[PDB]
Structure formats: C-alpha cells, structure tokens
Amino acid sequence: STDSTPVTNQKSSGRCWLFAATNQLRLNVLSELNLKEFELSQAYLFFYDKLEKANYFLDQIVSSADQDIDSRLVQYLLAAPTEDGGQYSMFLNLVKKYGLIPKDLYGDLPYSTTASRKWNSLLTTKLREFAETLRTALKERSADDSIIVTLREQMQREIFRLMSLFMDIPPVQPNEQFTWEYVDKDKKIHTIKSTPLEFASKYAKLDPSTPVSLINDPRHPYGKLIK
Amino acid sequence: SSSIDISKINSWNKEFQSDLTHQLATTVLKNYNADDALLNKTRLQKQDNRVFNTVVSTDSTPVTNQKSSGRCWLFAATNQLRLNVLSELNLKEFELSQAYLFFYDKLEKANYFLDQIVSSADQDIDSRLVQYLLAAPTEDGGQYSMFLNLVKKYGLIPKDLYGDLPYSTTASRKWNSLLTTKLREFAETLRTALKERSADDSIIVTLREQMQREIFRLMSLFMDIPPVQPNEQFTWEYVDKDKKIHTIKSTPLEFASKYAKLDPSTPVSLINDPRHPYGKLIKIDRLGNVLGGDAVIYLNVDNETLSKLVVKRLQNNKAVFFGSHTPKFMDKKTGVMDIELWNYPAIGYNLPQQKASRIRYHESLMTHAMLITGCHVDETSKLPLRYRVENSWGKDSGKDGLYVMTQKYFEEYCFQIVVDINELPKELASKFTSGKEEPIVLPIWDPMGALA
Amino acid sequence: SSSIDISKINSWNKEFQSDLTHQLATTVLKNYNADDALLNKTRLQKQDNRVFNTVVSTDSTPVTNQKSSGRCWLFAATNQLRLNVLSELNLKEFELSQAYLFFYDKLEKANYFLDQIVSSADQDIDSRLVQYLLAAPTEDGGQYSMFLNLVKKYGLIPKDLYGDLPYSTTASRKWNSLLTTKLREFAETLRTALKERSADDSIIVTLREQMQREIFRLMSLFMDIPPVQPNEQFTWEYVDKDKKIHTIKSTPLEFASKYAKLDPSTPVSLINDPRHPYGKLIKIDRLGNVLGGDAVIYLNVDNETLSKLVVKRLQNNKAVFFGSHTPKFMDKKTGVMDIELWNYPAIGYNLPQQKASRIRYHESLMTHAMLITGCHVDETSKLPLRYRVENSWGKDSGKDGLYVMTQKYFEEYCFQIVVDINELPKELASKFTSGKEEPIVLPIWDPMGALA
Ligand SMILES: [Hg+2]
Ligand SMILES: [Hg+2]
Ligand SMILES: [Hg+2]
Ligand SMILES: [Hg+2]
Ligand SMILES: [Hg+2]
Ligand SMILES: [Hg+2]
Ligand SMILES: [Hg+2]
Ligand SMILES: [Hg+2]
C-alpha cells in the first residue's frame with residue numbers, strides 16, 4: 001500500500017543492502033507518520049558498518065595469526081577488509097547496537113558516502129600495515145598480553161581518526177536523545193524527541209528478533225541450516 | 001578492548017576536533033576526493049619535468065589506445081617493436097596489429113584452461129586451485145613470456161591488415177563474460193566425464209575437440225580469425241615519409257623477424273621481488289596462455305642493477321617494457337607518477353610498510369605494463385632521476401599520452417622490466433643458460449603471477 | 001619597516017610552513033575555491049532546515065527569474081503583491097508584469113538624469129557628484145520608494161499583457177550601455193548650453209525635449225511601450241484553479257489597488273544602519289527615478305524590533321521585502337545564508353570588524369532585494385532562528401528557488417525591510433507623521449544609497 005518515496009540512490013558505493021533493508025522499514029515510518037517522502041539514514045549505518053569491519057578485521061588477523069601469510073584465509077582477510085557490501089544479519093548486528101535515525105539528521109552529504117572507493121583504499125592500505133604489525137607482535141607474545149592489547153587500541157584509534165576525516169561520527173549516541181521536526185502530508189509541523197535505539201522500534205517498527213533470511217542453495221539439502 | 005566502545009570513540013572524536021589540522025582536514029575531506037584535495041602543486045611544479053637527456057631516437061607514432069580492454073601488455077610489447085619498423089621503413093606513423101595477438105591469446109587461454117581443468121580433475125571443485133582456474137579463464141592481461149609464446153607460434157602483422165575494428169577489441173567485457181560462462185559449463189562437463197574415464201580415453205579426447213570447436217565458433221562471432229595464417233603470405237602496400245608507395249609481401253612469422261626485428265630467444269624478464277633472494281630465478285606455477293608454450297620465469301634482481309640495465313638499454317636506443325602498480329601514485333591528468341605528489345602527511349597519513357611486505361600483505365602487485373622511452377640522469381655525477389613513460393590510453397591521457405615516473409616510484413611501485421640476455425652481466429645471464437638454477441616456484445595465485 | 005622586505009617574507013614563510021595546518025591549507029587552497037574547499041558539511045547538516053512554523057498561506061507560484069538584469073527589487077516587490085491576486089482570484093500560477101515597471105523605470109531614470117545634470121551644471125565636470133551622476137545613469141537597481149513612485153504614476157498590470165519577451169528584459173547590459181553612451185553625450189550638450197543660458201530659457205527647454213524624445217525613441221527599439229496607458233482600460237481573460245474562465249476589464253492604476261491590494265500610502269522602509277542613531281530618519285540625497293517622485297527615506301531601527309516586526313507581519317500573513325548583501329555568506333547550490341557555513345577559522349581567517357564599520361569601510365552594503373515568506377521561532381520560549389526566503393533566480397537556484405537565512409545573517413548582512421506604517425509602534429509610526437523629524441541626510445554615493 002505505501003509507496004517508496006523518494007527513490008533512493010546509493011551512487012558509487014556498495015550500500016545496496018542498507019538501502020534495501022531501510023527501504024523496507026521506511027514504509028512503516030512513512031505510513032505511521034503520514035509523510036509524503038521519507039528516508040532513514042543509510043549513511044548512519046554505513047559509518048558504523050565500516051568502523052566495525054575495520055575493527056573486526058583486526059580480530060580476524062589475531063585469531064588466524066598462527067596461519068601463514070600466504071594461506072587462503074589470511075589472503076582472503078586481506079583482500080577487502082572494508083568493502084561496503086553486507087548481509088541482513090550484519091544489518092541487524094548494527095541496528096541492535098546503534099538503532100536507526102531519520103536521514104534529516106545525518107545524510108549522504110560527505111563525498112565518501114556516494115564515492116567510497118578512495119576512502120576504502122586509504123583505510124585498507126593502513127589495515128594491511130596493521131595486519132603485519134599485529135602478526136609480528138604475535139610471534140613473540142600472546143593476544144591477552146598487555147602489550148598486544150595496547151597495540152590494538154592504538155590501531156582502533158587511528159582507524160577512527162581516519163574515518164572521522166571522511167565522515168562525521170553520527171550526531172547522537174544510540175541511547176542519546178535527538179529532536180526531529182518534520183511536516184506531514186497535511187503541511188502540519190511535528191517534533192519527535194527519541195533516541196536512535198528507541199526510534200528503531202517505536203517508529204521504524206523493527207523487532208530485530210523476528211527476521212530470518214531464507215536462502216535457495218541447490219548444492220545443499222533443504223530444511224538444513226547453512227552458516 | 002577488542003570491541004568498538006561508543007564512549008571511547010566519542011572521547012577520541014572530542015580530542016581530534018580540538019586539533020586545528022584535523023578540523024580543516026575533515027572539512028575538506030568531506031568535500032573532495034582525497035587525491036584531488038591533497039594534490040600538492042608545489043611539488044607538482046618541480047616534478048612535472050619533461051626534459052630527458054637520454055631518449056630513444058624514434059618517436060612513438062601514433063599514441064595507442066587499448067580502450068576498454070586489459071591489452072596493455074600487448075600494446076607495450078608491440079610499442080617497443082613498432083619503433084624498429086617505423087625506423088627501418090621510414091614511416092611517419094606505424095602500428096603492429098595488437099588485435100592479431102589478442103585474438104590468438106584469447107583462443108589459446110580458453111583452450112589452455114580446459115587442459116588446466118583436466119590436469120586438476122583430481123582436486124575438489126572447491127579447492128583453491130580449481131576455484132582460481134574458474135575465476136578469470138579468459139582475462140585480457142598477460143606477461144611478456146606469454147607475449148613471446150604467441151609471437152613464436154603466430155608471428156606479427158601490420159595493423160593495416162587487421163585492426164581494432166570489432167566492438168570487442170575496445171570493449172571486451174561482454175565477450176569474455178559469454179566465453180567464461182561457457183567454459184565454466186565445460187569445466188563441469190569435463191570433470192564429470194573424468195570421474196569415470198581417463199584423459200587419454202578416446203571419449204574424453206572427442207569431448208575436448210567439440211569444446212575447442214565451440215570456443216572457436218563463439219570467438220569468430222566477435223572477431224574474425226586473422227586474414228593470413230602464420231606461414232601464409234600477405235601483401236602490404238604503404239607510403240613512407242617521402243610520400244613514396246611501397247609493397248611488402250611477407251608472412252606473419254617472417255615479418256616479425258625481418259621487419260619487427262624480434263628474436264624471441266633474447267628477451268628475458270627481470271623482476272624486483274624483495275621477498276626472495278636476488279640472483280635467484282622465480283617461476284610462476286601454471287601461468288600461461290599457449291598450451292605447451294614457455295613458462296613465466298623471472299630473474300630476481302636489485303634496483304641498483306635494474307636502474308643501470310634501463311639506462312644502458314636506453315643508451316642502446318631501445319625502449320623498455322616494464323610492469324608496475326597502476327594507478328598507485330599516478331596522476332592521469334598530468335601524467336606524473338610520484339609517490340610524494342599528494343600531501344597525505346599533512347593529514348597525518350603515513351605508510352611505513354616495506355615493498356616485500358606490501359606484496360606479502362595483498363597491497364601491491366603489477367597491474368599494468370607500459371613503456372620507458374627515456375630517462376634523465378642527474379647532469380653532474382649522480383644517477384637517474386626520472387623516466388619518460390609511453391602509455392596506451394590515447395593521446396589525451398597524461399601529457400599527450402606520455403607520463404614521467406620518478407626513480408623512487410620505479411624502485412617502489414614498479415616490479416619488472418624486460419631486457420635482452422646479452423645486455424646482462426655474465427653473472428646474471430648465466431642463471432638463464434646454466435642448469436644449477438632451480439627456480440623458486442610460486443603458486444599461480446601469487447601477486448607476481450598476477451598478469452598485466 | 002613600511003616596505004616589503006624579501007628576507008622578512010621568506011623568514012615568515014619558513015615559519016608558516018612548519019605549522020601542519022598551514023601546510024594542509026596551502027595544499028588545498030591552491031586546488032579549489034576557498035568557499036568550495038571550506039564549505040562545512042557538519043554545519044550544513046544542521047543549518048539546511050526547511051521547516052518553518054510561521055509561513056504565508058499562499059505559495060509563490062511560479063518561481064520567477066530576473067535573468068541578466070538587476071530587476072530584483074521589482075520582482076521582490078511584485079512577488080509580495082502577486083500573492084494577493086493569486087489568493088483573491090483563486091489562481092494556480094500568477095505574475096504581475098515586472099517588465100512593465102522596468103520599461104517605465106528606465107525611461108524615468110534617463111529623464112531624471114538630465115534634470116540632475118541641469119541642477120549640478122554649476123559644478124566641475126570632474127566633481128564627485130557629476131562623475132557619480134555619469135557613472136550609471138540607467139542601472140536596473142532600485143529602492144522600494146522608487147518602486148512606489150512608479151506604481152503611483154503607472155499602476156500595475158498582469159504579466160499576461162506584457163512580459164519578458166524582449167531580449168533586453170533578460171539581458172539588459174547592452175541596452176543600458178547604448179542609452180548611457182547617449183546620455184553622456186547629452187550631459188555634455190546640456191552643460192555647454194547651460195554656460196551661456198539659464199535652465200528656464202526657451203532654448204534649453206527645447207533642448208531637453210529633443211533629448212527626452214531620442215531617449216524614448218531608443219528605448220522603444222528594445223522594448224514596446226506598454227499596451228495601455230495608466231488610466232486606460234484593458235481586458236484580461238484568465239482561468240482559475242477550477243478550470244473556469246474569467247475576464248477582467250480594469251486600468252493599470254485601478255488594478256493595482258483593486259486586485260493587487262496596494263495602498264501606496266502605507267509602506268515604509270525600515271533600515272538597520274548602525275552608524276546612525278535609531279529612531280532617526282535617514283534620507284538619501286538625490287536618489288530617485290521619477291522626476292518629482294518621492295525621496296528615499298528610512299526609519300533607522302534596532303534588530304530586536306526589526307525581528308519582531310517581521311514575525312508579526314508574517315503572522316498577519318504578509319511577505320516581507322528585504323534588502324541585504326548578496327552573495328555574502330550565501331550558498332547558491334543549497335540556498336543557505338549562514339555566516340558560519342564555511343570553516344574560515346580552520347585556516348585562521350577571522351573578521352572582527354563591526355557592522356557599522358563594515359558599512360563605513362566600503363565592505364558591506366545592500367546589493368539584492370528578496371522576499372521573506374516564512375520564519376521559524378524556537379519552539380519553546382525563545383526567538384526566531386531562521387527565515388524562508390524567495391529569490392528571483394529561477395527554480396533551480398537554492399532549493400527550488402528558495403533560500404533559508406539565519407537570524408544572525410539577518411542581523412549582520414541584511415540592512416532593510418518594508419512594513420506598513422500601521423504595523424509600527426506609535427513611537428515609530430509618528431516619526432513618519434510628525435514634523436520634528438529632520439532626516440539625517442546622506443549623499444547619493446552613501447552605501448545605503450546604493451540601490452538593489
Ligand atoms: Hg592491463
Ligand atoms: Hg638516464
Ligand atoms: Hg637512467
Ligand atoms: Hg621496475
Ligand atoms: Hg538587483
Ligand atoms: Hg517565527
Ligand atoms: Hg520570526
Ligand atoms: Hg534586515
């Protein structure tokens with residue numbers, strides 16, 4: 001019944017999954033708030049997704065430190081650590097920790113949201129440097145080591161430092177309140193004060209506990225779970 | 001800890017925003033591409049220098065354009081040779097047929113793939129090798145040894161007899177996709193038939209012939225098989241710089257030696273792979289195009305010798321085929337290749353990772369082959385500062401198709417050159433003509449095994 | 001010392017280059033326009049807000065475009081009035097003829113100029129006043145009093161009867177140039193004749209009539225005199241929003257009151273000129289268009305009262321004509337007018353000079369007239385934050401022709417609004433209806449005397 005308004009454009013990025021996942025949800029807000037046009041912030045999720053993958057990569061390197069640099073897994077981890085693409089479970093991972101917010105508070109303004117190639121390249125080049133540094137330090141020490149722990153924190157920090165140069169950290173924290181003024185289809189002005197996490201359930205109607213992704217993979221038996 | 005803490009990142013943010021350089025950086029970096037924003041004109045002012053004291057006498061005429069294909073290696077290899085014809089026949093403009101080699105290269109790789117599948121039929125479909133063979137069986141890129149494999153079996157021909165007319169020579173994506181989709185079907189069919197039978201089996205033999213035939217049938221729909229066979233005569237009428245008409249009757253194979261001056265037995269490719277010891281031979285397992293052709297082998301040498309081999313070669317009036325990591329530190333608008341052209345340190349972005357580790361950690365590899373046609377030694381008593389590079393992207397790329405590469409770029413982001421064995425020091429040439437030399441064998445998926 | 005020392009500047013350079021912020025700044029600033037490089041998207045993210053709780057019910061339809069002319073003042077003044085017709089006649093789209101007023105304004109200024117030359121004939125040709133009169137006698141820009149001068153003598157008419165058809169309405173540069181070149185010839189001729197004779201002289205009188213005639217002759221070559229005279233009837237057929245056809249027979253002068261609802265006797269222009277005391281009347285010497293028309297006089301008021309007069313007016317459902325310094329702190333792409341939109345402080349560029357001094361020191365003046373159609377009071381218990389502005393640059397400028405101006409911008413880079421005297425506090429209205437009020441008289445070349 002509700003119409004996808006307006007038509008979205010991911011531009012030069014692989015953020016389709018976030019657009020599609022949020023396109024499904026925008027319809028609830030549009031409908032529940034009687035809005036002519038509406039969009040949830042795709043960039044919001046994009047910022048956190050990229051930060052998390054860079055961080056996640058570091059852990060992956062640490063957990064595979066025992067394998068040769070030229071092993072299939074290590075070379076794979078090193079191929080595209082910050083790629084824009086994702087899965088629905090990965091979409092929910094972000095919504096659970098960060099919530100959802102209207103695009104009016106944080107949009108596709110930065111150059112990197114619509115042309116992410118360079119940003120990813122700069123980040124990935126650093127991460128590949130970090131990968132070497134971690135593994136080297138892991139030859140002599142254990143991951144639980146105070147030194148390693150310190151090392152990973154300084155990497156995380158540089159990763160955030162570099163990402164904040166291309167995009168601003170969202171304006172409000174997940175449990176922090178934001179005020180959003182808008183106009184409904186009736187030219188009537190409204191104001192909503194919520195938190196990214198509350199807004200996701202309350203307005204976007206997402207209960208992260210309900211969606212499951214069904215796949216059609218003919219190489220495996222049906223009724224079976226694939227991980 | 002190991003997880004992203006929200007309080008932690010907002011605290012770091014607060015701290016970064018108090019630094020004035022960071023404030024300016026985020027302001028500009030949210031507006032423009034980092035390379036555009038950070039391009040350093042003070043440095044450009046000095047580095048964009050087109051004076052070269054050591055240059056190849058003949059001029060690359062005309063500037064070539066590979067368009068939407070990965071045929072750089074063929075353009076660069078033939079760009080090196082065209083200079084001989086241009087010179088020996090007193091021609092204003094001249095080009096050898098890149099498409100000629102392209103047709104045969106693609107046919108051979110499709111055929112070569114089939115054999116690779118047959119020889120790895122014992123491995124699981126999801127093994128690293130089989131999945132690799134299935135990734136890009138007909139890709140346009142190649143190596144110099146693969147270039148010679150083709151010239152040995154097919155010779156060379158002037159572009160006037162067979163050019164870039166077909167849509168697929170300048171926009172090969174679709175063609176490759178159609179071919180590859182079929183080959184992946186064939187791969188399954190072969191392996192299945194190989195579970196019950198042996199490769200020597202009459203049935204398998206028949207099967208592969210029907211695949212080869214369909215492969216040729218499909219390729220002939222997008223490009224015509226060259227007009228003459230390698231030992232078949234062709235007649236080529238042309239006009240020299242003096243407006244004088246001439247006619248040459250030759251064969252693709254004769255023309256290659258006779259006019260293009262190529263003796264396939266002399267070029268060797270030297271590589272600069274810091275992960276391995278120099279003076280050692282490096283071989284890429286399974287890498288090839290012509291079933292039965294030669295294998296890709298490189299003599300691993302230091303940059304100091306390499307730099308000299310390039311100057312000497314240039315002094316001997318010959319262009320130097322080289323492979324590097326495009327477009328790393330390359331400004332296509334100006335044509336400058338300088339690792340310090342952009343002011344990344346102004347935003348505190350620094351990269352200490354070494355060359356060997358860059359290769360090891362999936363960060364740098366050869367991706368494009370170009371041609372060094374000149375260089376400039378420091379006019380006093382020092383060494384080469386920059387090199388003149390001829391690209392195959394049309395005359396609008398760089399400065400009229402030409403680029404200038406710094407010595408430092410050459411050392412860091414360039415991994416290969418091609419010289420004639422007779423140009424090497426006895427100590428090095430011998431590694432090719434001896435026998436003790438057991439090459440360090442790298443897998444097909446090794447970054448040096450990644451074509452151009 | 002007072003001279004530029006070469007050692008000194010190279011020493012300063014050396015010191016600036018050691019600062020990392022300066023290094024980044026020079027790198028980026030040599031690449032892009034400062035406004036493009038410094039545009040702050042973090043700030044834009046918050047400031048580009050199009051929600052206005054107090055707006056004029058009628059919508060500006062359609063968005064107007066003055067094109068290559070300085071007719072903003074006429075567009076803005078008529079944009080304020082069109083809303084009455086649109087509303088009273090239930091029309092989807094409507095426009096009063098801007099060209100109508102433009103024709104008469106230019107004719108009158110050329111004529112007015114002649115009189116100005118005659119009245120200053122006793123001054124040297126190189127005096128400040130005479131050179132000023134000769135600078136731009138026919139410029140497109142004007143003031144609101146000058147707008148009323150025209151409406152009083154000529155009335156208003158629907159654009160359907162006389163529009164922007166002629167080349168010169170949308171590209172007036174050449175026309176003005178041709179006219180001005182003639183007027184400068186006339187200026188000499190008048191003054192010369194005035195050395196021997198008196199202005200009341202039959203000969204001079206004859207001379208001025210022949211000049212007036214040539215002026216009209218030349219203007220009629222680029223634009224047609226409006227189709228009806230001010231007291232002459234015209235018939236206008238139109239279609240309302242309900243697809244219903246109507247016909248109105250009126251006169252330009254009647255239509256102005258009857259349909260456009262303008263009572264020329266009510267609007268007064270309030271100015272915010274910090275160099276003079278508030279509550280005081282400011283008059284611009286010699287500024288005008290219609291010989292004998294009213295003079296430009298402003299009531300100097302503080303921003304606090306001014307802000308309120310705008311909110312009240314908007315609440316009374318009327319648009320507010322205002323004049324400001326375009327394009328200072330104006331982003332045409334987004335339509336944002338915010339003095340903090342660009343990160344100049346990140347490059348250490350700061351401007352402490354006060355408004356009054358900005359005006360005094362040749363830095364800020366009114367240059368464009370636009371229309372406030374809405375505002376947004378802080379929804380709690382505070383005051384106006386932003387205003388909705390309608391520009392006359394087509395629907396592609398700003399956001400569909402519309403702009404958003406901050407309160408701070410309004411205070412700093414805006415110098416005038418127009419209200420009806422009945423909207424003023426008794427204390428202020430009286431300054432217009434009393435007699436004690438001797439206006440502070442400013443010269444014709446004063447920055448507040450610089451049109452729009
Ligand atoms: Hg290539
Ligand atoms: Hg040299
Ligand atoms: Hg050299
Ligand atoms: Hg090299
Ligand atoms: Hg104007
Ligand atoms: Hg308001
Ligand atoms: Hg207001
Ligand atoms: Hg104002």
# chains A, B, ... in the order shown; residues from 1 in each chain; ligands from 1
>>> interface_residues(of="chain C", to="chain A", cutoff="7 Å", atoms="only C-alpha atoms", output="number ranges by chain")
C: 41, 45, 51, 53
>>> write_last_selection(atoms="N, CA, C and O atoms", output="tab-separated table (two decimals), in the first residue's frame")
chain	number	residue	atom	x	y	z
C	41	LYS	N	30.20	20.83	5.83
C	41	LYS	CA	29.03	19.98	5.80
C	41	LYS	C	28.47	19.57	7.17
C	41	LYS	O	27.30	19.27	7.28
C	45	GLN	N	24.68	20.30	7.58
C	45	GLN	CA	23.78	19.24	8.02
C	45	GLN	C	22.70	19.77	8.96
C	45	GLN	O	21.56	19.37	8.85
C	51	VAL	N	11.95	23.56	7.68
C	51	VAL	CA	10.71	23.51	8.43
C	51	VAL	C	10.50	24.90	9.00
C	51	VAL	O	11.36	25.42	9.68
C	53	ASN	N	7.56	27.18	11.05
C	53	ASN	CA	6.27	27.15	11.73
C	53	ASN	C	5.39	28.34	11.44
C	53	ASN	O	4.20	28.30	11.72
>>> residues_near_ligand(ligand="ligand 1", cutoff="7 Å", atoms="only C-alpha atoms and all ligand atoms", output="list in words")
residues 70, 71, 72, 73, 141, 367, 368, 369 and 452 of chain B
>>> write_last_selection(atoms="C-alpha atoms", output="tab-separated table (two decimals), in the first residue's frame")
chain	number	residue	atom	x	y	z
B	70	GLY	CA	43.34	-5.23	-20.49
B	71	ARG	CA	45.62	-5.48	-23.55
B	72	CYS	CA	48.34	-3.13	-22.18
B	73	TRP	CA	50.99	-5.82	-22.24
B	141	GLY	CA	46.05	-9.47	-19.18
B	367	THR	CA	48.64	-4.41	-12.80
B	368	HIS	CA	49.71	-2.54	-15.95
B	369	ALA	CA	52.52	-2.80	-18.48
B	452	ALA	CA	49.17	-7.12	-16.65
>>> interface_residues(of="chain C", to="chain B", cutoff="9 Å", atoms="only C-alpha atoms", output="NGL selection string")
:C and (20-32 or 36-42 or 342-347)
>>> atom_distance(atom1="atom CA of residue A:193", atom2="atom CA of residue A:37")
19.7 Å
>>> residues_near_ligand(ligand="ligand 5", cutoff="12 Å", atoms="only C-alpha atoms and all ligand atoms", output="ChimeraX atom specification")
/C:65-77,139-144,322-327,366-370,391-393,450-452
>>> write_last_selection(atoms="N, CA and C atoms", output="mmCIF file, in the first residue's frame")
data_model
loop_
_atom_site.group_PDB
_atom_site.id
_atom_site.type_symbol
_atom_site.label_atom_id
_atom_site.label_comp_id
_atom_site.auth_asym_id
_atom_site.auth_seq_id
_atom_site.Cartn_x
_atom_site.Cartn_y
_atom_site.Cartn_z
ATOM 1 N N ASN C 65 12.301 34.565 -12.464
ATOM 2 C CA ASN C 65 13.695 34.651 -12.833
ATOM 3 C C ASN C 65 13.984 35.976 -13.535
ATOM 4 N N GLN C 66 14.771 36.841 -12.890
ATOM 5 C CA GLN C 66 15.129 38.144 -13.459
ATOM 6 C C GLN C 66 16.152 38.039 -14.589
ATOM 7 N N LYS C 67 16.809 36.881 -14.679
ATOM 8 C CA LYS C 67 17.839 36.622 -15.693
ATOM 9 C C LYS C 67 18.977 37.645 -15.576
ATOM 10 N N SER C 68 19.569 38.050 -16.699
ATOM 11 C CA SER C 68 20.676 39.000 -16.671
ATOM 12 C C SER C 68 20.291 40.465 -16.555
ATOM 13 N N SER C 69 19.660 40.819 -15.444
ATOM 14 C CA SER C 69 19.234 42.193 -15.195
ATOM 15 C C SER C 69 19.249 42.389 -13.691
ATOM 16 N N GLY C 70 19.295 43.647 -13.248
ATOM 17 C CA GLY C 70 19.264 43.943 -11.821
ATOM 18 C C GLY C 70 17.868 44.386 -11.405
ATOM 19 N N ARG C 71 16.857 43.624 -11.819
ATOM 20 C CA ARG C 71 15.454 43.929 -11.513
ATOM 21 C C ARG C 71 14.890 43.202 -10.280
ATOM 22 N N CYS C 72 15.761 42.762 -9.378
ATOM 23 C CA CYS C 72 15.352 42.028 -8.175
ATOM 24 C C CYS C 72 14.308 42.758 -7.376
ATOM 25 N N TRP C 73 14.580 44.032 -7.114
ATOM 26 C CA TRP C 73 13.680 44.894 -6.352
ATOM 27 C C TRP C 73 12.236 44.908 -6.887
ATOM 28 N N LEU C 74 12.087 44.910 -8.212
ATOM 29 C CA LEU C 74 10.779 44.915 -8.849
ATOM 30 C C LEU C 74 10.164 43.545 -8.720
ATOM 31 N N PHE C 75 10.979 42.502 -8.878
ATOM 32 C CA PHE C 75 10.486 41.130 -8.741
ATOM 33 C C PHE C 75 10.015 40.875 -7.312
ATOM 34 N N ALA C 76 10.843 41.249 -6.331
ATOM 35 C CA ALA C 76 10.535 41.063 -4.903
ATOM 36 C C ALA C 76 9.296 41.852 -4.454
ATOM 37 N N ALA C 77 9.203 43.111 -4.895
ATOM 38 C CA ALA C 77 8.079 44.000 -4.573
ATOM 39 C C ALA C 77 6.797 43.454 -5.176
ATOM 40 N N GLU C 139 21.088 52.252 -14.556
ATOM 41 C CA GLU C 139 21.169 50.962 -13.891
ATOM 42 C C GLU C 139 19.804 50.417 -13.496
ATOM 43 N N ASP C 140 19.670 49.099 -13.580
ATOM 44 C CA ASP C 140 18.426 48.406 -13.281
ATOM 45 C C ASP C 140 17.961 48.454 -11.833
ATOM 46 N N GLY C 141 18.908 48.527 -10.898
ATOM 47 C CA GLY C 141 18.585 48.531 -9.479
ATOM 48 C C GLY C 141 17.768 49.685 -8.929
ATOM 49 N N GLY C 142 17.063 49.425 -7.841
ATOM 50 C CA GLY C 142 16.259 50.466 -7.239
ATOM 51 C C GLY C 142 15.908 50.191 -5.795
ATOM 52 N N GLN C 143 15.130 51.099 -5.221
ATOM 53 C CA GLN C 143 14.678 51.044 -3.839
ATOM 54 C C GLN C 143 13.162 50.920 -3.807
ATOM 55 N N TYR C 144 12.595 50.619 -2.645
ATOM 56 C CA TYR C 144 11.139 50.477 -2.555
ATOM 57 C C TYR C 144 10.354 51.781 -2.833
ATOM 58 N N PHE C 322 12.924 42.512 1.694
ATOM 59 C CA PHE C 322 14.120 42.864 2.454
ATOM 60 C C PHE C 322 15.315 43.006 1.532
ATOM 61 N N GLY C 323 16.285 43.802 1.973
ATOM 62 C CA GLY C 323 17.487 44.044 1.201
ATOM 63 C C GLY C 323 18.711 43.658 1.990
ATOM 64 N N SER C 324 19.640 42.965 1.344
ATOM 65 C CA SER C 324 20.842 42.503 2.007
ATOM 66 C C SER C 324 22.028 42.453 1.064
ATOM 67 N N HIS C 325 23.155 41.979 1.575
ATOM 68 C CA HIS C 325 24.388 41.895 0.811
ATOM 69 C C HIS C 325 24.659 40.535 0.175
ATOM 70 N N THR C 326 24.097 40.335 -1.013
ATOM 71 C CA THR C 326 24.252 39.113 -1.805
ATOM 72 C C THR C 326 25.563 39.238 -2.572
ATOM 73 N N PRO C 327 26.336 38.155 -2.681
ATOM 74 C CA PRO C 327 26.130 36.807 -2.156
ATOM 75 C C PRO C 327 26.993 36.507 -0.932
ATOM 76 N N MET C 366 23.762 47.014 0.708
ATOM 77 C CA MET C 366 22.642 46.264 0.179
ATOM 78 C C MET C 366 22.964 46.114 -1.303
ATOM 79 N N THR C 367 22.727 44.930 -1.851
ATOM 80 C CA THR C 367 23.002 44.689 -3.261
ATOM 81 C C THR C 367 21.880 43.913 -3.944
ATOM 82 N N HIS C 368 20.996 43.301 -3.158
ATOM 83 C CA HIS C 368 19.934 42.470 -3.707
ATOM 84 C C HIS C 368 18.698 42.544 -2.821
ATOM 85 N N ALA C 369 17.522 42.566 -3.431
ATOM 86 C CA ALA C 369 16.280 42.588 -2.681
ATOM 87 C C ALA C 369 15.588 41.246 -2.902
ATOM 88 N N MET C 370 15.142 40.623 -1.808
ATOM 89 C CA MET C 370 14.455 39.334 -1.853
ATOM 90 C C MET C 370 13.205 39.359 -0.987
ATOM 91 N N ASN C 391 13.743 33.851 -3.742
ATOM 92 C CA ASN C 391 14.643 34.570 -4.629
ATOM 93 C C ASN C 391 14.017 34.602 -6.038
ATOM 94 N N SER C 392 14.544 35.455 -6.912
ATOM 95 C CA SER C 392 14.045 35.592 -8.284
ATOM 96 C C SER C 392 15.112 35.167 -9.293
ATOM 97 N N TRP C 393 15.694 33.996 -9.059
ATOM 98 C CA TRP C 393 16.735 33.471 -9.939
ATOM 99 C C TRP C 393 16.336 32.129 -10.562
ATOM 100 N N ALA C 450 23.038 53.016 -2.204
ATOM 101 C CA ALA C 450 23.389 52.092 -3.284
ATOM 102 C C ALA C 450 22.202 51.131 -3.369
ATOM 103 N N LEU C 451 21.449 51.200 -4.447
ATOM 104 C CA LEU C 451 20.175 50.561 -4.830
ATOM 105 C C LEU C 451 20.290 49.064 -4.560
ATOM 106 N N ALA C 452 19.350 48.297 -5.293
ATOM 107 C CA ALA C 452 19.252 46.845 -5.190
ATOM 108 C C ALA C 452 18.850 46.331 -6.571
#
>>> residues_near_ligand(ligand="ligand 8", cutoff="7 Å", atoms="only C-alpha atoms and all ligand atoms", output="ChimeraX atom specification")
/C:272,322-324,410-411,414-417
>>> residues_near_ligand(ligand="ligand 2", cutoff="10 Å", atoms="only C-alpha atoms and all ligand atoms", output="PyMOL selection string")
chain B and resi 52-55+307-308+310-312+314-315+374-379+382-388
